[PDB]
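Asks: just coords:
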RNA sequence: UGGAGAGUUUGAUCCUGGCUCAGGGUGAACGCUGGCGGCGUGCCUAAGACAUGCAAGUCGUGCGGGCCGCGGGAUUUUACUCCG
Ligand SMILES: NC[C@@H]1O[C@H](O[C@H]2[C@@H](O)[C@H](O[C@@H]3[C@@H](O)[C@H](N)C[C@H](N)[C@H]3O[C@H]3O[C@H](CO)[C@@H](O)[C@H](O)[C@H]3N)O[C@@H]2CO)[C@H](N)[C@@H](O)[C@@H]1O
Ligand SMILES: [Mg+2]
Ligand SMILES: [Mg+2]
Ligand SMILES: [Mg+2]
Ligand SMILES: [Mg+2]
Ligand SMILES: [Mg+2]
Ligand SMILES: [Mg+2]
């Protein structure tokens, strides 16, 4: 079992004859702090059920994060829709310098030392999806070598 | 060895997009408050106007004097005059 941080919860609303009718969404990261994180987005008529639903979804949605001493192999920019995330390696003693959303994700993947910047649409959902892709897309000297053989 | 973002357009959503804030800085000023020291710093305006004192002189080993004194001489008549 992993840690489960909740980034964003919000109440949405649909219209119906005589009144508005509310739903709830919840963004949840789950991770072990050792190279596995999962992002999950879950909606439901009550907050509780939505958070729970989200964690579940988050576990069905995990990722290889190739740490290298609390940080990442290289720099990556990822655009997701209009949201862009940059992710930069840092020596130790730096911290995770990042906004609320990518930080929670980087924390639970066991990144300890990383420089970020949100560019673009600063939309939480979309920033989180970009952060995931960004991690998702990390390679290392190892796998790159392996890719380039013949 | 270096990079955090948030609030606000909607019933709700995404995007655009402005506005606003959190940070650092100061020859400061204003309020409330005020114990000590060290080191810095102090007319941003009228390059307005200025009382009063002080702020560039020194050299007699370049030169000749004036003025106020004192001493010694040429003089034993008291006027004149040489030197220091
Ligand atoms: N007298 C007060 C004001 O002086 C002003 O003039 C001032 C300026 O001309 C000059 O002041 C200077 C200033 O220009 C420049 N920025 C340097 C420094 N800041 C000031 O310094 C001046 O005043 C300070 C004390 O205040 C003195 O210690 C300094 O030695 C003197 N030069 O000298 C005057 C003061 O010395 C205005 N004339 C007027 O508003 C009024 O005279
Ligand atoms: Mg784009
Ligand atoms: Mg924008
Ligand atoms: Mg409108
Ligand atoms: Mg509204
Ligand atoms: Mg904005
Ligand atoms: Mg002083």
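Replies: Perfect, I can see it now. Residues are numbered from 1 along each chain as shown, chains lettered A, B, ... in the order given. Ligands and ions are numbered 1, 2, ... in the order given.

Asks: Could you use CA atoms for every contact and neighbour count after this?
Replies: Noted.

Asks: where along chain A do the helices fall?
Replies: A:47-59, A:100-108, A:124-136, A:141-147 (DSSP state H).

Asks: Now do the strands in chain A.
Replies: A:5-16, A:19-31, A:36-44, A:62-64, A:76-80, A:83-89, A:96-97, A:114-120 (DSSP state E).

Asks: Compare those and give me the one nearest residue A:150.
Replies: When the strands of chain A are compared for distance to residue A:150 using Cα to Cα, the nearest one is strand A:62-64, at 24.9 Å.

Asks: Could you tell me which other helices and strands the closest one packs against?
Replies: strand A:36-44, helix A:124-136 (3 or more Cα pairs under 8 Å, 6 or more residues apart in numbering; DSSP states H and E).

Asks: List the buried residues for the last one?
Replies: Neighbour counts using 16 or more other Cα atoms under 10 Å place A:124-135 of helix A:124-136 among the buried residues.

Asks: how about the helices and strands packed on strand A:62-64 in CSV, adding distance to residue A:80?
Replies: As requested, the helices and strands packed on strand A:62-64 are arranged in CSV below (distance: least, Cα to Cα, whole Å):
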stretch, distance to residue A:80
strand A:36-44, 15
helix A:124-136, 5
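
Asks: Looking at those, which is nearest to RNA strand B?
Replies: The minimum distance between RNA strand B and these falls on helix A:124-136, with 5.9 Å, by Cα to the nearest atom of the strand.

Asks: Give me the domain ranges for chain A.
Replies: A:1-64, A:65-139 (curated CATH domains).

Asks: can you put those domains in CSV and add distance to residue A:147?
Replies: Shown next, in CSV, are the domains of chain A (distance: least, Cα to Cα, whole Å):
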stretch, distance to residue A:147
domain A:1-64, 17
domain A:65-139, 10
